[PDB]
Amino acid sequence: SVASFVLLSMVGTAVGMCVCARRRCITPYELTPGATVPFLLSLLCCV
Amino acid sequence: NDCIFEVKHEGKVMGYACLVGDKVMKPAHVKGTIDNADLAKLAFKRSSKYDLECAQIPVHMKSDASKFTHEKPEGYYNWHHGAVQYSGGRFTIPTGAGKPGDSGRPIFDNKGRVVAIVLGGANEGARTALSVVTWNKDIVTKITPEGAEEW
Amino acid sequence: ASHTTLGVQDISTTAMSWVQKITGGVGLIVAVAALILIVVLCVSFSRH
């Protein structure tokens, strides 16, 4: 019972870290007037 | 004239918002609300790295938008309170022109295009330096001289 | 009985093999997520 809980906590943390990186990565492009997000960032990374 | 809107708090004017291109931008450190009833209903995003908040301009106000560029040659520029000289990567204002409470004013090029927004500045004897938010192709950047204080 | 009792470490070799595989899998996915964050945070700091 204990081992299952701990393993579940480890996976959930990895997901949270990915969300944090994505938001800080992309944010600069949403403030510039007339800017367009490059293809690679729009589709594949920091989506 | 029409592109500038007042920001008020409890009856007092704290600063201004500027409607440029397809986005409405307001400095993050200024308190208060937007005088325009329609703009006050929009959701905004915040970023503490550049002290900016922005939102999308609604369709029925698009005709009021000003034009902008990114080219910044050495020379002279105009603003509400007089002339400004730009050289050496710094914007120079004659000492005594400008006081706290007058943040959020755009700087215009010779043809009336938007190039920067000033948010504070430094104090020095004969000439003062400004702290400005400017941009480049596909990026935004912030310039703050040593000793600058918020206005 | 003519023999002593067993401890917590006294398990079969097959059980031990399964334990290593499951633990390693979860550990790997954590390391990868951490590496992505470090590069993004460093570049954003330095780019400014």
# chains A, B, ... in the order shown; residues from 1 in each chain; ligands from 1

$ closest_atom_pairs --of "chain C" --to "chain A" --cutoff "6 Å" --atoms "only C-alpha atoms" --output "Markdown table"
| residue | atom | partner | partner_atom | distance |
| --- | --- | --- | --- | --- |
| C:30 | CA | A:14 | CA | 5.4 |
| C:33 | CA | A:14 | CA | 5.7 |
| C:37 | CA | A:21 | CA | 5.6 |

$ write_last_selection --atoms "N, CA and C atoms" --output "PDB file, in the first residue's frame"
ATOM      1  N   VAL C  30      11.638  10.881 -14.250  1.00  0.00           N
ATOM      2  CA  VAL C  30      11.864  12.055 -13.412  1.00  0.00           C
ATOM      3  C   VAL C  30      13.119  12.801 -13.852  1.00  0.00           C
ATOM      4  N   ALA C  33      12.549  14.918 -17.100  1.00  0.00           N
ATOM      5  CA  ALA C  33      11.801  16.149 -16.857  1.00  0.00           C
ATOM      6  C   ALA C  33      12.666  17.215 -16.193  1.00  0.00           C
ATOM      7  N   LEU C  37      13.821  21.336 -17.608  1.00  0.00           N
ATOM      8  CA  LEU C  37      13.651  22.577 -16.856  1.00  0.00           C
ATOM      9  C   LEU C  37      14.958  23.353 -16.716  1.00  0.00           C
TER      10      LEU C  37
END

$ residues_around --residues "residue 96 (chain B)" --least-positions-apart "6" --cutoff "12 Å" --atoms "only C-alpha atoms" --output "number ranges by chain"
B: 81-82, 121-129

$ write_last_selection --atoms "N, CA and C atoms" --output "PDB file, in the first residue's frame"
ATOM      1  N   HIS B  81       6.187  66.250 -23.728  1.00  0.00           N
ATOM      2  CA  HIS B  81       6.748  67.372 -22.989  1.00  0.00           C
ATOM      3  C   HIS B  81       7.918  68.047 -23.696  1.00  0.00           C
ATOM      4  N   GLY B  82       8.179  67.712 -24.957  1.00  0.00           N
ATOM      5  CA  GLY B  82       9.290  68.331 -25.653  1.00  0.00           C
ATOM      6  C   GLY B  82      10.108  67.397 -26.519  1.00  0.00           C
ATOM      7  N   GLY B 121      12.928  56.637 -14.612  1.00  0.00           N
ATOM      8  CA  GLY B 121      14.128  57.301 -15.090  1.00  0.00           C
ATOM      9  C   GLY B 121      15.045  57.648 -13.938  1.00  0.00           C
ATOM     10  N   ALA B 122      16.238  58.108 -14.300  1.00  0.00           N
ATOM     11  CA  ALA B 122      17.292  58.427 -13.353  1.00  0.00           C
ATOM     12  C   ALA B 122      17.451  59.937 -13.238  1.00  0.00           C
ATOM     13  N   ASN B 123      18.111  60.363 -12.165  1.00  0.00           N
ATOM     14  CA  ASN B 123      18.322  61.776 -11.879  1.00  0.00           C
ATOM     15  C   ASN B 123      19.804  62.105 -11.989  1.00  0.00           C
ATOM     16  N   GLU B 124      20.132  63.076 -12.838  1.00  0.00           N
ATOM     17  CA  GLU B 124      21.505  63.527 -13.005  1.00  0.00           C
ATOM     18  C   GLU B 124      21.477  65.009 -13.355  1.00  0.00           C
ATOM     19  N   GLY B 125      22.579  65.693 -13.044  1.00  0.00           N
ATOM     20  CA  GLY B 125      22.648  67.143 -13.094  1.00  0.00           C
ATOM     21  C   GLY B 125      22.130  67.838 -14.339  1.00  0.00           C
ATOM     22  N   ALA B 126      22.918  67.829 -15.417  1.00  0.00           N
ATOM     23  CA  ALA B 126      22.544  68.576 -16.613  1.00  0.00           C
ATOM     24  C   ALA B 126      21.542  67.830 -17.485  1.00  0.00           C
ATOM     25  N   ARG B 127      21.621  66.503 -17.523  1.00  0.00           N
ATOM     26  CA  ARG B 127      20.752  65.679 -18.350  1.00  0.00           C
ATOM     27  C   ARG B 127      20.390  64.424 -17.575  1.00  0.00           C
ATOM     28  N   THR B 128      19.199  63.897 -17.836  1.00  0.00           N
ATOM     29  CA  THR B 128      18.737  62.690 -17.172  1.00  0.00           C
ATOM     30  C   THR B 128      18.623  61.541 -18.164  1.00  0.00           C
ATOM     31  N   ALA B 129      18.708  60.326 -17.632  1.00  0.00           N
ATOM     32  CA  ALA B 129      18.525  59.109 -18.404  1.00  0.00           C
ATOM     33  C   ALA B 129      17.203  58.454 -18.031  1.00  0.00           C
TER      34      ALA B 129
END

$ closest_atom_pairs --of "chain C" --to "chain B" --cutoff "12 Å" --atoms "only C-alpha atoms" --output "Markdown table"
| residue | atom | partner | partner_atom | distance |
| --- | --- | --- | --- | --- |
| C:44 | CA | B:49 | CA | 10.4 |
| C:45 | CA | B:49 | CA | 10.2 |
| C:47 | CA | B:141 | CA | 9.8 |
| C:48 | CA | B:141 | CA | 7.4 |

$ closest_residue --among "A:45, A:26, A:33, A:4" --to "chain B" --atoms "only C-alpha atoms"
A:33

$ interface_residues --of "chain A" --to "chain B" --cutoff "9 Å" --atoms "only C-alpha atoms" --output "short mmCIF file (atom, residue, chain, number, x, y, z; two decimals) with N, CA, C and O atoms, in the first residue's frame"
data_model
loop_
_atom_site.label_atom_id
_atom_site.label_comp_id
_atom_site.auth_asym_id
_atom_site.auth_seq_id
_atom_site.Cartn_x
_atom_site.Cartn_y
_atom_site.Cartn_z
N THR A 27 6.06 32.48 -23.02
CA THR A 27 5.48 33.78 -22.63
C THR A 27 6.04 34.99 -23.38
O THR A 27 5.25 35.86 -23.75
N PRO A 28 7.37 35.13 -23.62
CA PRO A 28 7.87 36.30 -24.33
C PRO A 28 7.15 36.58 -25.65
O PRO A 28 6.94 37.75 -25.95
N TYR A 29 6.78 35.54 -26.41
CA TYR A 29 6.20 35.79 -27.73
C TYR A 29 4.80 36.39 -27.70
O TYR A 29 4.37 36.91 -28.73
N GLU A 30 4.08 36.32 -26.58
CA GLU A 30 2.70 36.79 -26.53
C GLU A 30 2.58 38.28 -26.23
O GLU A 30 1.46 38.82 -26.27
N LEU A 31 3.68 38.95 -25.92
CA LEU A 31 3.66 40.37 -25.60
C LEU A 31 4.11 41.27 -26.74
O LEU A 31 3.78 42.46 -26.74
N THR A 32 4.85 40.74 -27.72
CA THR A 32 5.40 41.59 -28.77
C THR A 32 4.33 41.87 -29.82
O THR A 32 3.72 40.93 -30.35
N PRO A 33 4.08 43.14 -30.15
CA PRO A 33 3.09 43.46 -31.19
C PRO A 33 3.56 43.01 -32.57
O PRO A 33 4.65 43.36 -33.03
N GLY A 34 2.71 42.22 -33.24
CA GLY A 34 3.03 41.68 -34.55
C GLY A 34 3.94 40.46 -34.57
O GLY A 34 4.31 40.01 -35.66
N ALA A 35 4.31 39.92 -33.41
CA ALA A 35 5.22 38.78 -33.40
C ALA A 35 4.50 37.50 -33.79
O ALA A 35 3.29 37.35 -33.59
N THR A 36 5.26 36.56 -34.35
CA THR A 36 4.77 35.23 -34.67
C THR A 36 5.69 34.20 -34.04
O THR A 36 6.92 34.32 -34.12
N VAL A 37 5.10 33.19 -33.42
CA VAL A 37 5.88 32.12 -32.78
C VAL A 37 6.49 31.23 -33.85
O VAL A 37 5.77 30.80 -34.78
#

$ select_by_dssp --residues "chain A" --states "helix (DSSP H, G or I)" --output "PDB file with N, CA, C and O atoms, in the first residue's frame"
ATOM      1  N   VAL A   2       1.887   1.304   0.843  1.00  0.00           N
ATOM      2  CA  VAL A   2       2.734   2.491   0.928  1.00  0.00           C
ATOM      3  C   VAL A   2       3.532   2.690  -0.355  1.00  0.00           C
ATOM      4  O   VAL A   2       3.630   3.812  -0.871  1.00  0.00           O
ATOM      5  N   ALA A   3       4.116   1.615  -0.888  1.00  0.00           N
ATOM      6  CA  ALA A   3       4.947   1.727  -2.086  1.00  0.00           C
ATOM      7  C   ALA A   3       4.172   2.296  -3.268  1.00  0.00           C
ATOM      8  O   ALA A   3       4.715   3.085  -4.052  1.00  0.00           O
ATOM      9  N   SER A   4       2.907   1.901  -3.424  1.00  0.00           N
ATOM     10  CA  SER A   4       2.094   2.413  -4.523  1.00  0.00           C
ATOM     11  C   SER A   4       1.916   3.926  -4.432  1.00  0.00           C
ATOM     12  O   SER A   4       2.068   4.641  -5.429  1.00  0.00           O
ATOM     13  N   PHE A   5       1.579   4.427  -3.242  1.00  0.00           N
ATOM     14  CA  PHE A   5       1.398   5.864  -3.045  1.00  0.00           C
ATOM     15  C   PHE A   5       2.645   6.654  -3.431  1.00  0.00           C
ATOM     16  O   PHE A   5       2.559   7.660  -4.145  1.00  0.00           O
ATOM     17  N   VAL A   6       3.815   6.218  -2.960  1.00  0.00           N
ATOM     18  CA  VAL A   6       5.050   6.956  -3.215  1.00  0.00           C
ATOM     19  C   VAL A   6       5.360   7.005  -4.707  1.00  0.00           C
ATOM     20  O   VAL A   6       5.753   8.052  -5.238  1.00  0.00           O
ATOM     21  N   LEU A   7       5.185   5.884  -5.409  1.00  0.00           N
ATOM     22  CA  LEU A   7       5.455   5.861  -6.844  1.00  0.00           C
ATOM     23  C   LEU A   7       4.515   6.789  -7.603  1.00  0.00           C
ATOM     24  O   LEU A   7       4.919   7.431  -8.581  1.00  0.00           O
ATOM     25  N   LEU A   8       3.253   6.868  -7.175  1.00  0.00           N
ATOM     26  CA  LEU A   8       2.305   7.775  -7.817  1.00  0.00           C
ATOM     27  C   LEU A   8       2.713   9.231  -7.632  1.00  0.00           C
ATOM     28  O   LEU A   8       2.494  10.064  -8.518  1.00  0.00           O
ATOM     29  N   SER A   9       3.252   9.574  -6.463  1.00  0.00           N
ATOM     30  CA  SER A   9       3.708  10.942  -6.239  1.00  0.00           C
ATOM     31  C   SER A   9       4.857  11.318  -7.170  1.00  0.00           C
ATOM     32  O   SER A   9       4.919  12.450  -7.663  1.00  0.00           O
ATOM     33  N   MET A  10       5.782  10.385  -7.416  1.00  0.00           N
ATOM     34  CA  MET A  10       6.914  10.669  -8.297  1.00  0.00           C
ATOM     35  C   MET A  10       6.492  10.983  -9.731  1.00  0.00           C
ATOM     36  O   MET A  10       7.059  11.884 -10.361  1.00  0.00           O
ATOM     37  N   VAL A  11       5.508  10.261 -10.272  1.00  0.00           N
ATOM     38  CA  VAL A  11       5.092  10.523 -11.650  1.00  0.00           C
ATOM     39  C   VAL A  11       4.402  11.878 -11.758  1.00  0.00           C
ATOM     40  O   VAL A  11       4.658  12.649 -12.691  1.00  0.00           O
ATOM     41  N   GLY A  12       3.515  12.188 -10.810  1.00  0.00           N
ATOM     42  CA  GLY A  12       2.801  13.456 -10.856  1.00  0.00           C
ATOM     43  C   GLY A  12       3.721  14.663 -10.824  1.00  0.00           C
ATOM     44  O   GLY A  12       3.447  15.680 -11.467  1.00  0.00           O
ATOM     45  N   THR A  13       4.817  14.573 -10.068  1.00  0.00           N
ATOM     46  CA  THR A  13       5.770  15.676 -10.004  1.00  0.00           C
ATOM     47  C   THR A  13       6.400  15.951 -11.365  1.00  0.00           C
ATOM     48  O   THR A  13       6.552  17.112 -11.764  1.00  0.00           O
ATOM     49  N   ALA A  14       6.775  14.895 -12.091  1.00  0.00           N
ATOM     50  CA  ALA A  14       7.383  15.068 -13.408  1.00  0.00           C
ATOM     51  C   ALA A  14       6.462  15.824 -14.358  1.00  0.00           C
ATOM     52  O   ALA A  14       6.927  16.623 -15.180  1.00  0.00           O
ATOM     53  N   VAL A  15       5.155  15.581 -14.269  1.00  0.00           N
ATOM     54  CA  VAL A  15       4.203  16.286 -15.123  1.00  0.00           C
ATOM     55  C   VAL A  15       4.156  17.769 -14.767  1.00  0.00           C
ATOM     56  O   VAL A  15       4.156  18.636 -15.649  1.00  0.00           O
ATOM     57  N   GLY A  16       4.115  18.080 -13.469  1.00  0.00           N
ATOM     58  CA  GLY A  16       4.082  19.472 -13.044  1.00  0.00           C
ATOM     59  C   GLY A  16       5.275  20.284 -13.517  1.00  0.00           C
ATOM     60  O   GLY A  16       5.128  21.444 -13.911  1.00  0.00           O
ATOM     61  N   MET A  17       6.470  19.693 -13.479  1.00  0.00           N
ATOM     62  CA  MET A  17       7.664  20.398 -13.936  1.00  0.00           C
ATOM     63  C   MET A  17       7.578  20.759 -15.416  1.00  0.00           C
ATOM     64  O   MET A  17       8.004  21.846 -15.822  1.00  0.00           O
ATOM     65  N   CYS A  18       7.042  19.856 -16.238  1.00  0.00           N
ATOM     66  CA  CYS A  18       6.927  20.131 -17.668  1.00  0.00           C
ATOM     67  C   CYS A  18       6.008  21.316 -17.939  1.00  0.00           C
ATOM     68  O   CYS A  18       6.287  22.136 -18.823  1.00  0.00           O
ATOM     69  N   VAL A  19       4.904  21.421 -17.197  1.00  0.00           N
ATOM     70  CA  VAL A  19       3.984  22.541 -17.378  1.00  0.00           C
ATOM     71  C   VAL A  19       4.656  23.863 -17.023  1.00  0.00           C
ATOM     72  O   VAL A  19       4.495  24.866 -17.730  1.00  0.00           O
ATOM     73  N   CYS A  20       5.419  23.889 -15.928  1.00  0.00           N
ATOM     74  CA  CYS A  20       6.096  25.118 -15.527  1.00  0.00           C
ATOM     75  C   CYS A  20       7.073  25.597 -16.596  1.00  0.00           C
ATOM     76  O   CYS A  20       7.115  26.790 -16.919  1.00  0.00           O
ATOM     77  N   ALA A  21       7.869  24.683 -17.151  1.00  0.00           N
ATOM     78  CA  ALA A  21       8.835  25.059 -18.180  1.00  0.00           C
ATOM     79  C   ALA A  21       8.149  25.610 -19.425  1.00  0.00           C
ATOM     80  O   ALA A  21       8.623  26.582 -20.023  1.00  0.00           O
ATOM     81  N   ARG A  22       7.036  24.997 -19.831  1.00  0.00           N
ATOM     82  CA  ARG A  22       6.323  25.425 -21.033  1.00  0.00           C
ATOM     83  C   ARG A  22       5.852  26.873 -20.937  1.00  0.00           C
ATOM     84  O   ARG A  22       6.039  27.661 -21.872  1.00  0.00           O
ATOM     85  N   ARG A  23       5.227  27.238 -19.817  1.00  0.00           N
ATOM     86  CA  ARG A  23       4.678  28.584 -19.666  1.00  0.00           C
ATOM     87  C   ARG A  23       5.764  29.656 -19.685  1.00  0.00           C
ATOM     88  O   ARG A  23       5.634  30.671 -20.378  1.00  0.00           O
ATOM     89  N   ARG A  24       6.845  29.451 -18.933  1.00  0.00           N
ATOM     90  CA  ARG A  24       7.935  30.424 -18.931  1.00  0.00           C
ATOM     91  C   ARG A  24       8.671  30.471 -20.268  1.00  0.00           C
ATOM     92  O   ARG A  24       9.155  31.535 -20.669  1.00  0.00           O
ATOM     93  N   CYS A  25       8.768  29.338 -20.962  1.00  0.00           N
ATOM     94  CA  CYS A  25       9.420  29.288 -22.268  1.00  0.00           C
ATOM     95  C   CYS A  25       8.714  30.160 -23.305  1.00  0.00           C
ATOM     96  O   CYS A  25       9.345  30.991 -23.965  1.00  0.00           O
ATOM     97  N   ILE A  26       7.398  29.995 -23.448  1.00  0.00           N
ATOM     98  CA  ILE A  26       6.674  30.638 -24.541  1.00  0.00           C
ATOM     99  C   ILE A  26       6.320  32.102 -24.278  1.00  0.00           C
ATOM    100  O   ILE A  26       6.271  32.896 -25.221  1.00  0.00           O
ATOM    101  N   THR A  27       6.057  32.481 -23.024  1.00  0.00           N
ATOM    102  CA  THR A  27       5.480  33.776 -22.625  1.00  0.00           C
ATOM    103  C   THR A  27       6.039  34.987 -23.377  1.00  0.00           C
ATOM    104  O   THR A  27       5.252  35.862 -23.752  1.00  0.00           O
ATOM    105  N   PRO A  28       7.367  35.126 -23.616  1.00  0.00           N
ATOM    106  CA  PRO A  28       7.870  36.297 -24.329  1.00  0.00           C
ATOM    107  C   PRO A  28       7.148  36.583 -25.653  1.00  0.00           C
ATOM    108  O   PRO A  28       6.936  37.745 -25.947  1.00  0.00           O
ATOM    109  N   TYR A  29       6.778  35.544 -26.409  1.00  0.00           N
ATOM    110  CA  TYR A  29       6.201  35.788 -27.729  1.00  0.00           C
ATOM    111  C   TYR A  29       4.801  36.387 -27.698  1.00  0.00           C
ATOM    112  O   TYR A  29       4.372  36.909 -28.731  1.00  0.00           O
ATOM    113  N   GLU A  30       4.077  36.315 -26.584  1.00  0.00           N
ATOM    114  CA  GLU A  30       2.695  36.792 -26.535  1.00  0.00           C
ATOM    115  C   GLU A  30       2.577  38.281 -26.234  1.00  0.00           C
ATOM    116  O   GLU A  30       1.463  38.817 -26.268  1.00  0.00           O
ATOM    117  N   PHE A  39       7.812  28.071 -36.011  1.00  0.00           N
ATOM    118  CA  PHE A  39       7.174  26.772 -36.217  1.00  0.00           C
ATOM    119  C   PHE A  39       7.541  25.780 -35.116  1.00  0.00           C
ATOM    120  O   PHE A  39       6.669  25.096 -34.567  1.00  0.00           O
ATOM    121  N   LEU A  40       8.833  25.678 -34.791  1.00  0.00           N
ATOM    122  CA  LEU A  40       9.285  24.655 -33.850  1.00  0.00           C
ATOM    123  C   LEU A  40       8.683  24.857 -32.463  1.00  0.00           C
ATOM    124  O   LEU A  40       8.256  23.893 -31.818  1.00  0.00           O
ATOM    125  N   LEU A  41       8.640  26.102 -31.987  1.00  0.00           N
ATOM    126  CA  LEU A  41       8.049  26.366 -30.679  1.00  0.00           C
ATOM    127  C   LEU A  41       6.533  26.219 -30.691  1.00  0.00           C
ATOM    128  O   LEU A  41       5.946  25.791 -29.692  1.00  0.00           O
ATOM    129  N   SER A  42       5.878  26.582 -31.792  1.00  0.00           N
ATOM    130  CA  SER A  42       4.422  26.511 -31.830  1.00  0.00           C
ATOM    131  C   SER A  42       3.929  25.073 -31.727  1.00  0.00           C
ATOM    132  O   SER A  42       3.012  24.774 -30.953  1.00  0.00           O
ATOM    133  N   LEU A  43       4.533  24.166 -32.493  1.00  0.00           N
ATOM    134  CA  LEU A  43       4.035  22.802 -32.641  1.00  0.00           C
ATOM    135  C   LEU A  43       4.728  21.776 -31.749  1.00  0.00           C
ATOM    136  O   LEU A  43       4.056  20.935 -31.147  1.00  0.00           O
TER     137      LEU A  43
END

$ select_by_dssp --residues "chain B" --states "strand (DSSP E or B)" --output "PyMOL selection string"
chain B and resi 4-9+12-20+23-27+33-34+45-47+52-56+66+68+75-79+82-87+90-94+106-108+114-121+127-136+139-143+149

$ residues_around --residues "residue 91 (chain B)" --least-positions-apart "6" --cutoff "12 Å" --atoms "only C-alpha atoms" --output "CSV table (one decimal) with N, CA, C and O atoms, in the first residue's frame"
chain,number,residue,atom,x,y,z
B,72,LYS,N,15.8,52.2,-35.3
B,72,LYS,CA,16.1,53.2,-34.3
B,72,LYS,C,17.5,53.9,-34.6
B,72,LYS,O,18.5,53.6,-33.9
B,74,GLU,N,20.3,56.9,-34.8
B,74,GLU,CA,20.7,58.1,-34.0
B,74,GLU,C,20.1,59.4,-34.5
B,74,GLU,O,20.1,59.6,-35.7
B,75,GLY,N,19.6,60.2,-33.6
B,75,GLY,CA,19.0,61.4,-34.0
B,75,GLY,C,18.1,61.9,-32.9
B,75,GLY,O,18.2,61.6,-31.7
B,76,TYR,N,17.1,62.7,-33.3
B,76,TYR,CA,16.2,63.4,-32.3
B,76,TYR,C,14.8,62.8,-32.5
B,76,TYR,O,14.3,62.4,-33.6
B,77,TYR,N,14.1,62.7,-31.4
B,77,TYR,CA,12.7,62.2,-31.3
B,77,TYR,C,11.8,63.2,-30.5
B,77,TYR,O,12.4,64.0,-29.7
B,78,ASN,N,10.5,63.1,-30.6
B,78,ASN,CA,9.6,64.0,-30.0
B,78,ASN,C,8.7,63.2,-29.0
B,78,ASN,O,8.5,62.0,-29.2
B,79,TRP,N,8.3,63.9,-27.9
B,79,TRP,CA,7.3,63.4,-27.0
B,79,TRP,C,6.5,64.5,-26.4
B,79,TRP,O,6.7,65.7,-26.8
B,83,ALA,N,11.4,67.7,-26.7
B,83,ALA,CA,12.3,66.9,-27.5
B,83,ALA,C,13.0,65.9,-26.6
B,83,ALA,O,13.2,66.1,-25.4
B,84,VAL,N,13.4,64.8,-27.2
B,84,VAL,CA,14.3,63.8,-26.6
B,84,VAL,C,15.4,63.5,-27.6
B,84,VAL,O,15.2,63.3,-28.8
B,85,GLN,N,16.7,63.4,-27.1
B,85,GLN,CA,17.8,63.0,-28.0
B,85,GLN,C,18.2,61.6,-27.6
B,85,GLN,O,18.3,61.2,-26.5
B,107,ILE,N,6.8,57.3,-27.0
B,107,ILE,CA,7.7,58.1,-27.8
B,107,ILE,C,7.5,57.9,-29.3
B,107,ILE,O,7.4,56.7,-29.7
B,115,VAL,N,7.9,53.8,-30.9
B,115,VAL,CA,9.1,53.1,-30.8
B,115,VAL,C,9.4,52.6,-29.4
B,115,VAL,O,10.1,51.6,-29.2
B,116,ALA,N,8.8,53.3,-28.3
B,116,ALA,CA,9.2,52.9,-27.0
B,116,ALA,C,8.1,53.4,-26.0
B,116,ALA,O,7.4,54.4,-26.3
B,117,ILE,N,8.1,52.8,-24.8
B,117,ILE,CA,7.3,53.3,-23.7
B,117,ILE,C,8.3,53.5,-22.5
B,117,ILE,O,9.1,52.6,-22.2
B,118,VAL,N,8.2,54.6,-21.8
B,118,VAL,CA,9.1,55.0,-20.7
B,118,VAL,C,8.4,54.7,-19.4
B,118,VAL,O,7.2,55.0,-19.2
B,120,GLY,N,9.8,55.2,-15.8
B,120,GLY,CA,10.8,55.6,-14.8
B,120,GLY,C,12.0,56.2,-15.5
B,120,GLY,O,12.1,56.3,-16.7
B,121,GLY,N,12.9,56.6,-14.6
B,121,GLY,CA,14.1,57.3,-15.1
B,121,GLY,C,15.0,57.6,-13.9
B,121,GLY,O,14.7,57.5,-12.8
B,122,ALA,N,16.2,58.1,-14.3
B,122,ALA,CA,17.3,58.4,-13.4
B,122,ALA,C,17.5,59.9,-13.2
B,122,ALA,O,17.0,60.7,-14.1
B,127,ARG,N,21.6,66.5,-17.5
B,127,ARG,CA,20.8,65.7,-18.4
B,127,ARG,C,20.4,64.4,-17.6
B,127,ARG,O,21.2,63.9,-16.8
B,128,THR,N,19.2,63.9,-17.8
B,128,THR,CA,18.7,62.7,-17.2
B,128,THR,C,18.6,61.5,-18.2
B,128,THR,O,18.5,61.7,-19.4
B,129,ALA,N,18.7,60.3,-17.6
B,129,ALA,CA,18.5,59.1,-18.4
B,129,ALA,C,17.2,58.5,-18.0
B,129,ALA,O,16.7,58.6,-16.9
B,130,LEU,N,16.6,57.7,-19.0
B,130,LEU,CA,15.3,57.1,-18.8
B,130,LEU,C,15.5,55.6,-18.7
B,130,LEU,O,16.5,55.0,-19.2
B,131,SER,N,14.5,54.9,-18.1
B,131,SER,CA,14.4,53.5,-18.2
B,131,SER,C,13.2,53.2,-19.1
B,131,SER,O,12.1,53.6,-18.8
B,132,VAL,N,13.4,52.4,-20.1
B,132,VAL,CA,12.5,52.2,-21.2
B,132,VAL,C,12.3,50.8,-21.5
B,132,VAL,O,13.1,49.9,-21.1
B,133,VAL,N,11.1,50.5,-22.1
B,133,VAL,CA,10.8,49.1,-22.6
B,133,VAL,C,10.7,49.3,-24.1
B,133,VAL,O,9.9,50.1,-24.6
B,134,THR,N,11.5,48.5,-24.9
B,134,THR,CA,11.6,48.6,-26.3
B,134,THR,C,11.5,47.2,-26.9
B,134,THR,O,11.3,46.2,-26.1
B,143,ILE,N,15.5,48.1,-20.8
B,143,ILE,CA,16.8,48.8,-20.6
B,143,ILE,C,16.6,49.7,-19.3
B,143,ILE,O,15.6,50.5,-19.3
B,144,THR,N,17.4,49.5,-18.3
B,144,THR,CA,17.4,50.3,-17.1
B,144,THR,C,18.8,50.9,-16.8
B,144,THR,O,19.7,50.1,-16.6
B,145,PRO,N,18.9,52.2,-16.8
B,145,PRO,CA,20.2,52.7,-16.4
B,145,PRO,C,20.5,52.7,-14.9
B,145,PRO,O,19.5,52.5,-14.1

$ atom_distance --atom1 "CA of residue 31 (chain B)" --atom2 "CA of residue 6 (chain B)"
11.7 Å

$ decode --residues "region 31-41 of chain C" --atoms "N, CA, C and O atoms" --output "PDB file, in the first residue's frame"
ATOM      1  N   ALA C  31      14.204  12.066 -14.105  1.00  0.00           N
ATOM      2  CA  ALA C  31      15.455  12.689 -14.532  1.00  0.00           C
ATOM      3  C   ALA C  31      15.291  13.471 -15.831  1.00  0.00           C
ATOM      4  O   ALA C  31      15.846  14.567 -15.975  1.00  0.00           O
ATOM      5  N   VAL C  32      14.540  12.926 -16.788  1.00  0.00           N
ATOM      6  CA  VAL C  32      14.363  13.601 -18.071  1.00  0.00           C
ATOM      7  C   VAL C  32      13.621  14.922 -17.894  1.00  0.00           C
ATOM      8  O   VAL C  32      14.005  15.948 -18.470  1.00  0.00           O
ATOM      9  N   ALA C  33      12.549  14.918 -17.100  1.00  0.00           N
ATOM     10  CA  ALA C  33      11.801  16.149 -16.857  1.00  0.00           C
ATOM     11  C   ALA C  33      12.666  17.215 -16.193  1.00  0.00           C
ATOM     12  O   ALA C  33      12.553  18.404 -16.514  1.00  0.00           O
ATOM     13  N   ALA C  34      13.531  16.811 -15.260  1.00  0.00           N
ATOM     14  CA  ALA C  34      14.403  17.771 -14.587  1.00  0.00           C
ATOM     15  C   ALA C  34      15.373  18.431 -15.561  1.00  0.00           C
ATOM     16  O   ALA C  34      15.626  19.638 -15.475  1.00  0.00           O
ATOM     17  N   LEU C  35      15.931  17.651 -16.489  1.00  0.00           N
ATOM     18  CA  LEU C  35      16.902  18.187 -17.440  1.00  0.00           C
ATOM     19  C   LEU C  35      16.284  19.244 -18.349  1.00  0.00           C
ATOM     20  O   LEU C  35      16.941  20.229 -18.702  1.00  0.00           O
ATOM     21  N   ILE C  36      15.030  19.047 -18.754  1.00  0.00           N
ATOM     22  CA  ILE C  36      14.352  20.027 -19.600  1.00  0.00           C
ATOM     23  C   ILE C  36      14.218  21.366 -18.880  1.00  0.00           C
ATOM     24  O   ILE C  36      14.457  22.429 -19.463  1.00  0.00           O
ATOM     25  N   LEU C  37      13.821  21.336 -17.608  1.00  0.00           N
ATOM     26  CA  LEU C  37      13.651  22.577 -16.856  1.00  0.00           C
ATOM     27  C   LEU C  37      14.958  23.353 -16.716  1.00  0.00           C
ATOM     28  O   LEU C  37      14.966  24.585 -16.822  1.00  0.00           O
ATOM     29  N   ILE C  38      16.070  22.657 -16.464  1.00  0.00           N
ATOM     30  CA  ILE C  38      17.337  23.345 -16.212  1.00  0.00           C
ATOM     31  C   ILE C  38      17.796  24.148 -17.431  1.00  0.00           C
ATOM     32  O   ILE C  38      18.240  25.294 -17.295  1.00  0.00           O
ATOM     33  N   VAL C  39      17.714  23.568 -18.631  1.00  0.00           N
ATOM     34  CA  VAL C  39      18.147  24.283 -19.832  1.00  0.00           C
ATOM     35  C   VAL C  39      17.276  25.515 -20.077  1.00  0.00           C
ATOM     36  O   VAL C  39      17.781  26.597 -20.401  1.00  0.00           O
ATOM     37  N   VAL C  40      15.958  25.369 -19.932  1.00  0.00           N
ATOM     38  CA  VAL C  40      15.044  26.486 -20.162  1.00  0.00           C
ATOM     39  C   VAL C  40      15.296  27.616 -19.170  1.00  0.00           C
ATOM     40  O   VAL C  40      15.354  28.793 -19.547  1.00  0.00           O
ATOM     41  N   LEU C  41      15.457  27.279 -17.890  1.00  0.00           N
ATOM     42  CA  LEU C  41      15.687  28.313 -16.884  1.00  0.00           C
ATOM     43  C   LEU C  41      17.013  29.034 -17.100  1.00  0.00           C
ATOM     44  O   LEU C  41      17.090  30.257 -16.939  1.00  0.00           O
TER      45      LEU C  41
END
